[PDB]
Structures are given as structure tokens and as C-alpha cells.
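Undergrad: Contents of final25.cif (mmCIF, C-alpha atoms and all ligand atoms; chains and numbers go by the auth columns) are given next:
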```cif
data_start
#
loop_
_atom_site.group_PDB
_atom_site.id
_atom_site.type_symbol
_atom_site.label_atom_id
_atom_site.label_comp_id
_atom_site.label_asym_id
_atom_site.label_seq_id
_atom_site.Cartn_x
_atom_site.Cartn_y
_atom_site.Cartn_z
_atom_site.B_iso_or_equiv
_atom_site.auth_seq_id
_atom_site.auth_asym_id
ATOM 1 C CA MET A 1 76.497 181.184 8.368 0.00 1 A
ATOM 2 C CA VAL A 2 77.362 182.274 11.889 0.00 2 A
ATOM 3 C CA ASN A 3 79.760 180.099 13.976 0.00 3 A
ATOM 4 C CA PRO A 4 78.322 176.586 14.206 0.00 4 A
ATOM 5 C CA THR A 5 77.290 174.724 17.365 0.00 5 A
ATOM 6 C CA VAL A 6 78.029 171.023 17.973 0.00 6 A
ATOM 7 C CA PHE A 7 77.041 168.712 20.846 0.00 7 A
ATOM 8 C CA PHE A 8 78.383 165.590 22.530 0.00 8 A
ATOM 9 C CA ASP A 9 76.349 163.322 24.753 0.00 9 A
ATOM 10 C CA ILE A 10 78.782 161.854 27.289 0.00 10 A
ATOM 11 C CA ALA A 11 78.475 158.514 29.094 0.00 11 A
ATOM 12 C CA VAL A 12 80.424 156.703 31.807 0.00 12 A
ATOM 13 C CA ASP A 13 80.691 152.961 31.243 0.00 13 A
ATOM 14 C CA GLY A 14 77.618 153.569 29.113 0.00 14 A
ATOM 15 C CA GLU A 15 75.597 155.330 31.809 0.00 15 A
ATOM 16 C CA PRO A 16 74.530 158.748 30.488 0.00 16 A
ATOM 17 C CA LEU A 17 76.150 161.737 32.130 0.00 17 A
ATOM 18 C CA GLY A 18 74.873 164.592 29.977 0.00 18 A
ATOM 19 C CA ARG A 19 75.269 166.957 27.061 0.00 19 A
ATOM 20 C CA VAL A 20 78.101 169.381 26.300 0.00 20 A
ATOM 21 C CA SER A 21 77.647 171.891 23.482 0.00 21 A
ATOM 22 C CA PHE A 22 80.380 173.876 21.768 0.00 22 A
ATOM 23 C CA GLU A 23 80.675 176.976 19.647 0.00 23 A
ATOM 24 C CA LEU A 24 83.268 176.520 16.912 0.00 24 A
ATOM 25 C CA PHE A 25 85.186 179.622 15.874 0.00 25 A
ATOM 26 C CA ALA A 26 84.888 179.215 12.112 0.00 26 A
ATOM 27 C CA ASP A 27 85.276 182.982 11.859 0.00 27 A
ATOM 28 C CA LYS A 28 88.871 182.734 13.088 0.00 28 A
ATOM 29 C CA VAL A 29 89.971 179.158 12.326 0.00 29 A
ATOM 30 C CA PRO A 30 87.632 177.916 9.569 0.00 30 A
ATOM 31 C CA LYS A 31 89.691 174.875 8.511 0.00 31 A
ATOM 32 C CA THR A 32 90.063 173.621 12.088 0.00 32 A
ATOM 33 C CA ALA A 33 86.443 174.338 13.055 0.00 33 A
ATOM 34 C CA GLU A 34 85.188 172.525 9.950 0.00 34 A
ATOM 35 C CA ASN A 35 87.253 169.402 10.742 0.00 35 A
ATOM 36 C CA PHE A 36 85.729 169.134 14.215 0.00 36 A
ATOM 37 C CA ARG A 37 82.228 169.969 12.941 0.00 37 A
ATOM 38 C CA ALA A 38 82.301 167.253 10.281 0.00 38 A
ATOM 39 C CA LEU A 39 83.834 164.712 12.658 0.00 39 A
ATOM 40 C CA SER A 40 81.029 165.497 15.085 0.00 40 A
ATOM 41 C CA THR A 41 78.317 164.818 12.477 0.00 41 A
ATOM 42 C CA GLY A 42 80.091 161.800 11.030 0.00 42 A
ATOM 43 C CA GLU A 43 79.337 163.003 7.499 0.00 43 A
ATOM 44 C CA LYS A 44 82.596 161.711 6.010 0.00 44 A
ATOM 45 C CA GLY A 45 81.783 158.193 7.275 0.00 45 A
ATOM 46 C CA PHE A 46 83.996 158.410 10.348 0.00 46 A
ATOM 47 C CA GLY A 47 84.179 160.603 13.400 0.00 47 A
ATOM 48 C CA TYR A 48 83.778 161.070 17.124 0.00 48 A
ATOM 49 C CA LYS A 49 80.645 159.015 17.885 0.00 49 A
ATOM 50 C CA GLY A 50 81.661 156.029 19.984 0.00 50 A
ATOM 51 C CA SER A 51 85.131 157.318 20.808 0.00 51 A
ATOM 52 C CA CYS A 52 86.528 157.904 24.296 0.00 52 A
ATOM 53 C CA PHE A 53 88.182 160.653 26.293 0.00 53 A
ATOM 54 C CA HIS A 54 91.369 158.683 26.920 0.00 54 A
ATOM 55 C CA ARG A 55 93.357 161.275 28.875 0.00 55 A
ATOM 56 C CA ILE A 56 91.698 163.391 31.569 0.00 56 A
ATOM 57 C CA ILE A 57 93.874 165.386 33.960 0.00 57 A
ATOM 58 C CA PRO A 58 92.043 167.206 36.743 0.00 58 A
ATOM 59 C CA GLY A 59 92.737 170.935 36.844 0.00 59 A
ATOM 60 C CA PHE A 60 94.097 170.773 33.317 0.00 60 A
ATOM 61 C CA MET A 61 92.038 169.225 30.493 0.00 61 A
ATOM 62 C CA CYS A 62 89.973 166.391 29.020 0.00 62 A
ATOM 63 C CA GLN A 63 91.461 164.901 25.835 0.00 63 A
ATOM 64 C CA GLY A 64 89.684 162.716 23.290 0.00 64 A
ATOM 65 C CA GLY A 65 88.981 162.163 19.614 0.00 65 A
ATOM 66 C CA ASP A 66 91.055 159.104 18.721 0.00 66 A
ATOM 67 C CA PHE A 67 88.350 157.189 16.848 0.00 67 A
ATOM 68 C CA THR A 68 90.762 154.950 14.919 0.00 68 A
ATOM 69 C CA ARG A 69 93.075 153.466 17.584 0.00 69 A
ATOM 70 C CA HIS A 70 91.100 154.522 20.662 0.00 70 A
ATOM 71 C CA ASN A 71 94.287 155.089 22.739 0.00 71 A
ATOM 72 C CA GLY A 72 95.854 158.467 21.898 0.00 72 A
ATOM 73 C CA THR A 73 98.074 157.328 19.040 0.00 73 A
ATOM 74 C CA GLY A 74 95.380 157.587 16.415 0.00 74 A
ATOM 75 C CA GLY A 75 92.669 159.597 14.716 0.00 75 A
ATOM 76 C CA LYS A 76 92.590 161.434 11.416 0.00 76 A
ATOM 77 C CA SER A 77 91.329 164.676 9.949 0.00 77 A
ATOM 78 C CA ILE A 78 88.828 165.152 7.132 0.00 78 A
ATOM 79 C CA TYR A 79 91.752 166.388 4.991 0.00 79 A
ATOM 80 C CA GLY A 80 93.672 163.132 4.626 0.00 80 A
ATOM 81 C CA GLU A 81 95.687 162.206 7.706 0.00 81 A
ATOM 82 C CA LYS A 82 97.197 165.309 9.400 0.00 82 A
ATOM 83 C CA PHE A 83 97.017 169.068 8.690 0.00 83 A
ATOM 84 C CA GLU A 84 98.910 172.283 9.481 0.00 84 A
ATOM 85 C CA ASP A 85 98.404 174.458 12.516 0.00 85 A
ATOM 86 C CA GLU A 86 96.017 177.004 11.040 0.00 86 A
ATOM 87 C CA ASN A 87 96.921 179.886 13.320 0.00 87 A
ATOM 88 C CA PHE A 88 97.392 180.735 16.993 0.00 88 A
ATOM 89 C CA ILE A 89 95.146 183.810 17.204 0.00 89 A
ATOM 90 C CA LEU A 90 93.130 182.454 20.108 0.00 90 A
ATOM 91 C CA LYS A 91 94.495 181.761 23.572 0.00 91 A
ATOM 92 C CA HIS A 92 93.881 179.131 26.227 0.00 92 A
ATOM 93 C CA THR A 93 92.280 181.669 28.560 0.00 93 A
ATOM 94 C CA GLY A 94 90.264 179.557 30.998 0.00 94 A
ATOM 95 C CA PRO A 95 87.841 176.709 31.558 0.00 95 A
ATOM 96 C CA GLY A 96 85.852 175.602 28.517 0.00 96 A
ATOM 97 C CA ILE A 97 88.443 176.291 25.815 0.00 97 A
ATOM 98 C CA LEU A 98 88.402 173.716 23.011 0.00 98 A
ATOM 99 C CA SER A 99 91.763 173.152 21.358 0.00 99 A
ATOM 100 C CA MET A 100 93.587 170.700 19.082 0.00 100 A
ATOM 101 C CA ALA A 101 95.828 167.975 20.481 0.00 101 A
ATOM 102 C CA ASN A 102 98.887 167.091 18.409 0.00 102 A
ATOM 103 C CA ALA A 103 102.297 165.408 18.252 0.00 103 A
ATOM 104 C CA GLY A 104 104.289 168.564 17.582 0.00 104 A
ATOM 105 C CA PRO A 105 103.973 171.335 15.008 0.00 105 A
ATOM 106 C CA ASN A 106 101.662 170.746 12.034 0.00 106 A
ATOM 107 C CA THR A 107 100.263 167.346 13.114 0.00 107 A
ATOM 108 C CA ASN A 108 96.569 168.005 13.691 0.00 108 A
ATOM 109 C CA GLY A 109 94.300 165.037 13.101 0.00 109 A
ATOM 110 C CA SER A 110 91.124 164.472 15.108 0.00 110 A
ATOM 111 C CA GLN A 111 92.261 164.585 18.718 0.00 111 A
ATOM 112 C CA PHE A 112 91.205 167.583 20.770 0.00 112 A
ATOM 113 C CA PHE A 113 90.956 168.689 24.388 0.00 113 A
ATOM 114 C CA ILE A 114 88.635 170.705 26.609 0.00 114 A
ATOM 115 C CA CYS A 115 90.411 172.844 29.197 0.00 115 A
ATOM 116 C CA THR A 116 89.182 173.010 32.789 0.00 116 A
ATOM 117 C CA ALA A 117 91.585 175.837 33.625 0.00 117 A
ATOM 118 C CA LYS A 118 93.694 178.554 32.009 0.00 118 A
ATOM 119 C CA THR A 119 96.623 176.785 30.313 0.00 119 A
ATOM 120 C CA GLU A 120 98.711 179.600 28.854 0.00 120 A
ATOM 121 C CA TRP A 121 101.741 177.299 28.415 0.00 121 A
ATOM 122 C CA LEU A 122 99.926 175.685 25.453 0.00 122 A
ATOM 123 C CA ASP A 123 99.491 179.034 23.719 0.00 123 A
ATOM 124 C CA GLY A 124 101.309 178.885 20.378 0.00 124 A
ATOM 125 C CA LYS A 125 101.517 175.072 20.566 0.00 125 A
ATOM 126 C CA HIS A 126 97.878 173.949 20.222 0.00 126 A
ATOM 127 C CA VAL A 127 95.280 175.556 17.960 0.00 127 A
ATOM 128 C CA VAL A 128 92.321 176.944 19.925 0.00 128 A
ATOM 129 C CA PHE A 129 89.134 176.643 17.861 0.00 129 A
ATOM 130 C CA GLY A 130 86.070 176.684 20.100 0.00 130 A
ATOM 131 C CA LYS A 131 84.477 176.969 23.508 0.00 131 A
ATOM 132 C CA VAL A 132 81.956 175.124 25.612 0.00 132 A
ATOM 133 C CA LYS A 133 78.524 176.785 25.574 0.00 133 A
ATOM 134 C CA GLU A 134 76.268 174.477 27.598 0.00 134 A
ATOM 135 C CA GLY A 135 77.270 171.625 29.857 0.00 135 A
ATOM 136 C CA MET A 136 80.377 172.817 31.641 0.00 136 A
ATOM 137 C CA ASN A 137 78.918 170.912 34.629 0.00 137 A
ATOM 138 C CA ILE A 138 79.254 167.728 32.577 0.00 138 A
ATOM 139 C CA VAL A 139 82.883 168.556 31.758 0.00 139 A
ATOM 140 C CA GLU A 140 83.472 169.061 35.475 0.00 140 A
ATOM 141 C CA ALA A 141 81.874 165.664 36.112 0.00 141 A
ATOM 142 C CA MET A 142 84.094 164.036 33.454 0.00 142 A
ATOM 143 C CA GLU A 143 87.148 165.613 35.061 0.00 143 A
ATOM 144 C CA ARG A 144 86.439 163.629 38.199 0.00 144 A
ATOM 145 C CA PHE A 145 87.016 160.338 36.329 0.00 145 A
ATOM 146 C CA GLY A 146 90.537 161.435 35.487 0.00 146 A
ATOM 147 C CA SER A 147 93.838 161.153 37.286 0.00 147 A
ATOM 148 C CA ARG A 148 97.140 162.979 37.430 0.00 148 A
ATOM 149 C CA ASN A 149 98.730 161.029 34.594 0.00 149 A
ATOM 150 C CA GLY A 150 95.465 161.124 32.674 0.00 150 A
ATOM 151 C CA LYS A 151 94.298 157.513 32.933 0.00 151 A
ATOM 152 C CA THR A 152 90.545 157.421 33.496 0.00 152 A
ATOM 153 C CA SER A 153 88.996 155.279 36.227 0.00 153 A
ATOM 154 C CA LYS A 154 85.975 154.505 34.028 0.00 154 A
ATOM 155 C CA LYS A 155 85.407 154.724 30.256 0.00 155 A
ATOM 156 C CA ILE A 156 84.215 158.184 29.233 0.00 156 A
ATOM 157 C CA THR A 157 82.641 157.929 25.795 0.00 157 A
ATOM 158 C CA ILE A 158 80.853 160.096 23.273 0.00 158 A
ATOM 159 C CA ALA A 159 77.550 158.200 23.132 0.00 159 A
ATOM 160 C CA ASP A 160 76.171 160.588 20.527 0.00 160 A
ATOM 161 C CA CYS A 161 77.305 163.742 18.772 0.00 161 A
ATOM 162 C CA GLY A 162 76.155 166.082 16.051 0.00 162 A
ATOM 163 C CA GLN A 163 75.280 169.619 15.047 0.00 163 A
ATOM 164 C CA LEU A 164 72.662 171.784 16.797 0.00 164 A
ATOM 165 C CA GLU A 165 72.769 174.782 14.439 0.00 165 A
HETATM 166 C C1 LIG B . 96.778 168.892 26.106 0.00 201 B
HETATM 167 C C2 LIG B . 97.006 168.322 24.706 0.00 201 B
HETATM 168 O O1 LIG B . 97.985 167.263 24.739 0.00 201 B
HETATM 169 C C3 LIG B . 98.443 166.802 23.545 0.00 201 B
HETATM 170 O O2 LIG B . 98.172 167.285 22.458 0.00 201 B
HETATM 171 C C4 LIG B . 99.329 165.577 23.602 0.00 201 B
HETATM 172 O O3 LIG B . 98.820 164.452 23.587 0.00 201 B
HETATM 173 N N1 LIG B . 100.632 165.815 23.630 0.00 201 B
HETATM 174 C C5 LIG B . 101.132 167.211 23.619 0.00 201 B
HETATM 175 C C6 LIG B . 102.046 167.407 22.423 0.00 201 B
HETATM 176 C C7 LIG B . 103.113 166.317 22.356 0.00 201 B
HETATM 177 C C8 LIG B . 102.527 164.905 22.429 0.00 201 B
HETATM 178 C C9 LIG B . 101.629 164.721 23.661 0.00 201 B
#
```
Using C-alpha cells, write down the structure that the file contains.
Ligand SMILES: CCOC(=O)C(=O)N1CCCCC1
TA:
Amino acid sequence: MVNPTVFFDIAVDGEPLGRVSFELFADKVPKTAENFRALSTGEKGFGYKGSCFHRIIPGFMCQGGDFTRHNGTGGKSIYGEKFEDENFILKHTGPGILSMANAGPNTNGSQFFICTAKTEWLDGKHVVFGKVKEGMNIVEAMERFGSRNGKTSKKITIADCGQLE
């Protein structure tokens, strides 16, 4: 151990954009970090590779991780279907925060978002579990394919993903 590092290679209608890497806070939210880690390697036989960022809102966040329905209504965890909010120790303090999307309390599956700003109104509502390490420039590039309601102007996909260490 040590907190693990995962990467995504991002593409735009298939054209490579670049690599984003994340530190996952297994020291504070081990169950949540492990879900995202395993979905990033695909070790359970499903996961993030090939999925899209379906909702990108400039100045707010980039949301993805629905690998089952590919529209924001789907996705599942490595623990069945959904799991509890683990804790809310960490806060949405600024750009680069990685946090769990949900449909209300205790409905974590696979969907997640990457903040591009401080979003303190999500504190206590979404479980923060990591941060961007490398590639914030790529997140900023992704953000530019979003819109105010979150519809993307091109398809923003996870071409590849996995664990770095
Ligand atoms: C910024 C994260 O957004 C979400 O998790 C999301 O999709 N929703 C927020 C919670 C209610 C349903 C809609």
C-alpha cells in the first residue's frame, strides 16, 4: 500500500486528447476508492473503458462512468448494484476533486465527476474520494466540449484506463 493511482486516456470523437491521472484516497474512503480503482482496471469484467463523459458543465464539473446505459441512468458498483455513502470527510475544495455522482443518499454505483471549481454545495451530498494528479489541462480541454445543461458537443470517451501504481 499507499493510495493508488489510476489513469484515463480521453478522446473526442475518437481523436486522442490526453491522459488524466488520479490519486484515490483509499486511506480515507477505502470502499469508494476501491470501486473506482477496480472499475478503472476492468478486473471484474466491466468498467470505465469505452464509456463517455455524458454531462459536462463548464465552471462546475465533468460527469461520467455510466458504462451500462451510457446516458446517466446507469452504471453499477463492484459490490452488486448500489452502495452506501461511505463518509463525507473530504470536501469539494477546488478544481481536480474526484467525487461520486448519485441519485440521492446511499445510491453510489459507478458514476463519478471531476470538479473544475470549488463546489461546496455538494459537500455532504457526494462522496469525495480522489484528486487529479496529472492532466488537469486535459480536464480543462474536456470542459470546453460541455454546455450549461451538460450536453456535450462531441463524444468524450475513456479510450483507455487502468492503474499506474
Ligand atoms: C455533480 C454530480 O451530479 C449528480 O450526481 C447527478 O447526476 N445528480 C445529482 C443528484 C441527484 C440526481 C442528479
Undergrad: Please check which protein, DNA or RNA residues sit within 12 Å of ligand LIG 201 (chain B), counting all atoms listed in the file, and write them as a ChimeraX atom specification.
TA: /A:53-66,71-75,92,97-128,149-150
Undergrad: Give me the result of the PyMOL selection byres (((chain A and resi 132-135) around 6) and not hetatm) on this file, residue by residue, as a short mmCIF file (atom, residue, chain, number, x, y, z; two decimals) with C-alpha atoms, in the frame of the given file.
TA:
```
data_model
loop_
_atom_site.label_atom_id
_atom_site.label_comp_id
_atom_site.auth_asym_id
_atom_site.auth_seq_id
_atom_site.Cartn_x
_atom_site.Cartn_y
_atom_site.Cartn_z
CA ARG A 19 75.27 166.96 27.06
CA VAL A 20 78.10 169.38 26.30
CA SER A 21 77.65 171.89 23.48
CA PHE A 22 80.38 173.88 21.77
CA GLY A 96 85.85 175.60 28.52
CA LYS A 131 84.48 176.97 23.51
CA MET A 136 80.38 172.82 31.64
CA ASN A 137 78.92 170.91 34.63
CA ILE A 138 79.25 167.73 32.58
#
```
Undergrad: If you apply the PyMOL selection byres (((chain A and resi 7) around 12) and not hetatm) to this file, what residues do you get, as a ChimeraX atom specification?
TA: /A:4-6,8-10,18-24,36-41,48-49,131-135,138,158-165
Undergrad: When you draw a straight line from CA of residue 50 (chain A) to CA of residue 155 (chain A), how long is it in Å?
TA: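 Pair CA of residue 50 (chain A) / CA of residue 155 (chain A) returns 11.0 Å.
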Undergrad: Find the residues around residue 29 (chain A) up to 9 Å (only C-alpha atoms counted), leave out those fewer than 2 positions away in its own chain, and share them as JSON, numbers by chain.
TA: {"A": [24, 25, 26, 27, 31, 32, 33, 34, 86, 87, 88, 89, 127, 128, 129]}
Undergrad: So, with all atoms listed in the file as the atoms that count, which of A:70, A:76, A:28, A:82 lies closest to residue 46 (chain A)?
TA: A:76
